[PDB]
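Protein chains in written order, with the numbering used here: chain A, 1 to 214; chain B, 215 to 440; chain C, 441 to 495; chain D, 496 to 550; chain E, 551 to 725; chain F, 726 to 900.
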C-alpha cells in the first residue's frame, strides 16, 4: 500500500488570493496522481488527472504539478466556490487505490472576539447522577482557541470534549462548545467551576464562572 | 449527461447483509470499468472495490476481502455491491465511481463521475437520547443578547435532528456535531442566541428527533432561581 | 477462486523529438537515433601523424 | 473411434559448421552457404584470349 | 507497420516503462506496475548495436590526399580530376542517402516484429486460461500472483496447473 | 527471428529430415517418420538460386587493364590514377560487405517466413479437428491414416469428413 500524506490539513487564505496544496507519497507514483474536490453535501469531483492535466470543465485557475513523491495543487484566483476539501489519489500501483487525508480550505476574515457563556448542568441531570458543564464560544475567528476548565481554580485535563461547527456561510466564523463531563459524586465535592478562553481576539483571557448555588 | 444512482443502503446489524445498486446511464457501460468508494461520516475517502469493463477482474480493499463482492450486469446498465459479514466500521457513505478512461489498463484508477451516494449504517444497539435544557439564568443574562440551548445526551446511533420553535426560529442557531464519549454513546448540544428582552415575551422549544429509537422529545428552556 | 488479473505487452516511448526518414515515410519521430554524418570541425589546422605542417 | 496421431512442421539441420555474418548478428552457423569472393589463383601467367604473352 | 503490432493492435507506447524497449504491464491483488522483458530488449539492443557498427566499421579508408594542382595548360586533366571527385561524390551521396532510408525502415519493422513475437509468445503460453481483450492485454480466468506473472515473462507458465480453475471460471463467465 | 518460427515456437531443426528444407514429422498407427514438403522446398530453392545468380550475374565486366605507368615527372597523374583505383576499391569493398550482411539477414528471414506459412497452412486446414500442442506439432482428435496425412501435406484435408468424430472426441477429452 502506498501511503499518501497531504499537509497542511487546514489552510487559511483570503478570496482572490492564491493557495498551494501539497501531496506526498511514500513511494514514487510517477505522474499517475489525481486531485479531487468535495464541496459539503456533495459527491467528490475530479479536477486533475496525470498530476498536471485538468479534467473536462475544470476552469484554468486550477494548476497541478509535480512527479515522483512530491506533488502540488494551485488555485490562482481563489473564489468562494473553491473553499472546499481537496484530496489527492495515486493510481500508479494499485490495488489498493489510496487517497490522502485531505486538506480543508477555510476563508480568511478579520479576527472576531468570541462570545462566552457558561452553563451548569440542569437539575434533572443530577437526578441520573452525571454532571455536564457546557461552555460556549460563539461566532469567533480564527477557529484556533484555548479553552481550559477550572475546578476551584485548579487546571483540568482529560475530562472534557470539544465540538466545532463548520465555517458560517454568512459571517465566516466558527462556534465551539466545550462540555466538561464529571460524575455527580465529583461534582458535589467542589465549589467554583470556571471556563477560561484564550483567543487572538482577546487582549487577555476571559473567564466565565458560576457557583454550586444560585 | 451521465448519471450514477445509488440505492439499497440502510440500517443493519453486524453480521448482516446488504446489496447496493448503481444505476448507469449516459455512456457505453461495457467500455468502462466501475468502482465503489466509501466515506465514513465526516471522514476521508477510501477505495473499496473495482470491476473491469469486461467483469472478469475484480479488486478489493484488504478489510472487505471475503465479505464484499462487486458485480455488473452490462445488458441492464447496473453495478452491484453485495456486502456480507457487515461490521460497524463499514458504516459510511458509498459511491459508485466510473473510470475516466477506456481500454488503457495502465491509465486506469481515475474517477471522473460520482453518484451522490447511499448510506449504510451498521450499529448493534439503539439507545434513545436524554434532552436537557441550558437555561439563560442570571449568569447568562448579558443584557443585550442571551444564549440558551439543549443538551442531547447519551444516544446511539446517529443522526439526531434539532430544530427550534417548531422550525420557525432558524437564525443564530448552532447545532454542534455529535461527539463520541468514553461510554460509546453520542452527545451533541444545540444553542441559539436571542435578545435579552425576549425571556418571557417568547418561550423557546428545541425539537429533537432520533428516528432509530422513535424519540420525538420537546424541551422547554427558561431561567430559574427567581 | 474468482478470476481476474491482467498482463499487457507494450513498447517504450519517451519525450524524444528526433526525426528520421524512411523509404515509405518522412519525419518519423523515433525514441533513439544516431548520426552517421560528421558535420563539425575544430576550425584549426593540426598535425597529421603527429608531425606539424609547414606553414 | 479413439483420437490420436500427430503431425509436426519442422525445418532442416545438418553437421555444417559454415558461419556467415548478418546485419544483426555475427558468426551465425547456417546449413548451406556460397562464397562470392574469389581468393585463389593458379600461380601461373597464362594466355589471354588464347594468345600467349610476350615474355 | 509491417507486422501490425507497433502503431497497430498495440496502439501506443509506454512512457511509464523506462528500463527497456519491450516489456509488460501487470496488475494483480499485490499491485501493478511496468516491467521490461530483459531478454527481448537485450537481444534487440545487441542486434541494433551490431547493425550500427556494421554500417560504420565496414568503411575502412587509407591515408589519402584528394587535392591535385594543374597549370593553365592542363585543363583537360584538371577536368578529368574533377570528374573523378564528382563521380565519387555522386556515388557516395546517393548510396548513403538510400542506405539510411532503407535501413531505417528495416529497423522500425524489426521493432514491430519483436513486439509481435513477444505478444504471440505469451498468447501461445496462456491459451484459453486468459482472454485476449485487445491492445496487447491478457485478462486471466484464474488468479495470477507475482510468481505466476514472472513465470509468464520467464516463458515457464504452467498451463495445466491452472487449466481446471480457468475452465470453471470461463464457463461461468460465458454462461 | 523476424517471423517467430525458426529458433522460435519451433525450437530446433531436424537432422533426421534429410531430403528437404521444410517438412513434416508424422506418427499414426501405421508408423512414423520424416518427410519434406516438396512444393515449399523447391519454391525456396528456386528463390534462393535466383537470388545468388542475381547477385553474381548482374556483374558483367569488359576487357580492361588496370595498370598504368608514369615517369618520375608524372607524379600528379600517378596519384590521380591511384585515387581512381583506391576510390573504386573503397566503393566496391563497402558495398560488397554490406550487400552480404543485409541479404544474409533477408535470407534467414525468408526461411523463417516459409516455415511460418507452412505451419499456418496446416493450422488453417485442421482448425478444431486437431490441438496445437506447441513446437509446430498438431495432435489429432480423429485418427489420421497415411492417406489422411498426405491430404494435409497436399493441401486437400477434408475437414467436414472428420469434423463430427473429432467434435465428439474433443468434447469427451475436454470433459
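Backbone N, C-alpha and C fix where the C-beta goes; we use that ideal spot for every residue, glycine too.
Where the beta strand (DSSP E) through residue i begins and ends
{"i": "residue 162 (chain A)", "result": "160–164"}
{"i": "residue 34 (chain A)", "result": "33–38"}
{"i": "residue 758 (chain F)", "result": "756–761"}
{"i": "residue 103 (chain A)", "result": "103–107"}
{"i": "residue 220 (chain B)", "result": "217–221"}
Same chain, Cβ closer than 6 angstroms to residue i, neighbours up to 5 away in sequence not counted
{"i": "residue 253 (chain B)", "result": "259, 306, 307"}
{"i": "residue 135 (chain A)", "result": "118, 178, 195"}
{"i": "residue 7 (chain A)", "result": "22"}
{"i": "residue 59 (chain A)", "result": "none"}
Neighbouring residues, chain E, relative to residue i (Cβ below 7 angstroms)
{"i": "residue 795 (chain F)", "result": "Residues of chain E passing the Cβ test: none, with the nearest at roughly 12 angstroms."}
{"i": "residue 520 (chain D)", "result": "597, 600"}
Partners in chain A for residue i, counting only beta-carbon separations shorter than 9 angstroms
{"i": "residue 322 (chain B)", "result": "91, 94"}
Nearest-angstrom Cα separation, counted from residue j out to residue i
{"i": "residue 20 (chain A)", "j": "residue 688 (chain E)", "result": "41 angstroms"}
{"i": "residue 164 (chain A)", "j": "residue 140 (chain A)", "result": "11 angstroms"}
{"i": "residue 762 (chain F)", "j": "residue 714 (chain E)", "result": "38 angstroms"}
{"i": "residue 858 (chain F)", "j": "residue 724 (chain E)", "result": "25 angstroms"}
{"i": "residue 170 (chain A)", "j": "residue 339 (chain B)", "result": "38 angstroms"}
{"i": "residue 354 (chain B)", "j": "residue 310 (chain B)", "result": "49 angstroms"}
{"i": "residue 284 (chain B)", "j": "residue 221 (chain B)", "result": "15 angstroms"}
{"i": "residue 399 (chain B)", "j": "residue 320 (chain B)", "result": "46 angstroms"}
{"i": "residue 437 (chain B)", "j": "residue 349 (chain B)", "result": "5 angstroms"}
{"i": "residue 823 (chain F)", "j": "residue 562 (chain E)", "result": "33 angstroms"}
{"i": "residue 793 (chain F)", "j": "residue 743 (chain F)", "result": "53 angstroms"}
{"i": "residue 636 (chain E)", "j": "residue 650 (chain E)", "result": "21 angstroms"}
{"i": "residue 509 (chain D)", "j": "residue 832 (chain F)", "result": "18 angstroms"}
{"i": "residue 602 (chain E)", "j": "residue 807 (chain F)", "result": "30 angstroms"}
{"i": "residue 702 (chain E)", "j": "residue 578 (chain E)", "result": "14 angstroms"}
Bounding residues of the alpha helix (DSSP H) (the contiguous stretch that carries residue i)
{"i": "residue 838 (chain F)", "result": "800–851"}
{"i": "residue 712 (chain E)", "result": "709–724"}
{"i": "residue 185 (chain A)", "result": "184–187"}
{"i": "residue 134 (chain A)", "result": "Where residue 134 (chain A) is concerned, there is no enclosing alpha helix (DSSP H), although the beta strand (DSSP E) it sits in stretches over 130–140."}
{"i": "residue 211 (chain A)", "result": "Here residue 211 (chain A) belongs to no alpha helix (DSSP H); instead the beta strand (DSSP E) covers 206–211."}
{"i": "residue 283 (chain B)", "result": "Not the alpha helix (DSSP H): residue 283 (chain B) falls in the beta strand (DSSP E), residues 282–287."}
{"i": "residue 423 (chain B)", "result": "Counting along the chain, residue 423 (chain B) falls outside any alpha helix (DSSP H), though it belongs to the beta strand (DSSP E) covering 418–423."}
{"i": "residue 700 (chain E)", "result": "696–703"}
Short Cβ contact (8 angstroms threshold) for residue i with residue j
{"i": "residue 514 (chain D)", "j": "residue 522 (chain D)", "result": "yes"}
{"i": "residue 359 (chain B)", "j": "residue 406 (chain B)", "result": "no"}
{"i": "residue 498 (chain D)", "j": "residue 865 (chain F)", "result": "yes"}
{"i": "residue 421 (chain B)", "j": "residue 380 (chain B)", "result": "yes"}
{"i": "residue 49 (chain A)", "j": "residue 55 (chain A)", "result": "yes"}
{"i": "residue 147 (chain A)", "j": "residue 166 (chain A)", "result": "no"}
{"i": "residue 747 (chain F)", "j": "residue 839 (chain F)", "result": "yes"}
{"i": "residue 172 (chain A)", "j": "residue 109 (chain A)", "result": "yes"}
{"i": "residue 566 (chain E)", "j": "residue 448 (chain C)", "result": "no"}
{"i": "residue 837 (chain F)", "j": "residue 758 (chain F)", "result": "no"}
{"i": "residue 641 (chain E)", "j": "residue 770 (chain F)", "result": "no"}
{"i": "residue 755 (chain F)", "j": "residue 879 (chain F)", "result": "no"}
{"i": "residue 645 (chain E)", "j": "residue 462 (chain C)", "result": "no"}
{"i": "residue 180 (chain A)", "j": "residue 159 (chain A)", "result": "yes"}
Interface residues of chain E facing residue i [CB-CB closer than 9 angstroms]
{"i": "residue 284 (chain B)", "result": "Those within 9 angstroms of residue 284 (chain B) in chain E number zero; the least Cβ separation is about 14 angstroms."}
Close beta carbons around residue i, own chain, < 8 angstroms, minus the five adjacent residues each side
{"i": "residue 27 (chain A)", "result": "2, 69, 93"}
{"i": "residue 150 (chain A)", "result": "156, 192, 193, 194, 195, 196, 207, 209"}
{"i": "residue 216 (chain A)", "result": "A question about residue 216 (chain A) goes unanswered here, because the residues of chain A that appear run from 1 up to 214."}
Cβ shell of residue i (< 7 angstroms), same chain only, five flanking positions each side left out
{"i": "residue 84 (chain A)", "result": "37, 38, 39, 105"}
{"i": "residue 367 (chain B)", "result": "343, 344, 346, 401"}
{"i": "residue 677 (chain E)", "result": "709"}
{"i": "residue 720 (chain E)", "result": "678, 691"}
{"i": "residue 712 (chain E)", "result": "679, 692"}
{"i": "residue 25 (chain A)", "result": "2, 4, 69, 90"}
{"i": "residue 326 (chain B)", "result": "312, 314"}
Per-residue contacts from residue i into chain B (C-beta, under 7 angstroms)
{"i": "residue 442 (chain C)", "result": "272"}
{"i": "residue 723 (chain E)", "result": "270"}
Amino acids of chain E, ordered along the chain, whose beta-carbon sits closer than 8 angstroms to that of residue i
{"i": "residue 30 (chain A)", "result": "566"}
Name the residues in the stretch 445–461 of chain C whose C-beta lies less than 7 angstroms from a C-beta of chain G; which are they?
-> Checking the listed chains, one finds no chain G in this structure; the protein chains it contains are A, B, C, D, E and F.
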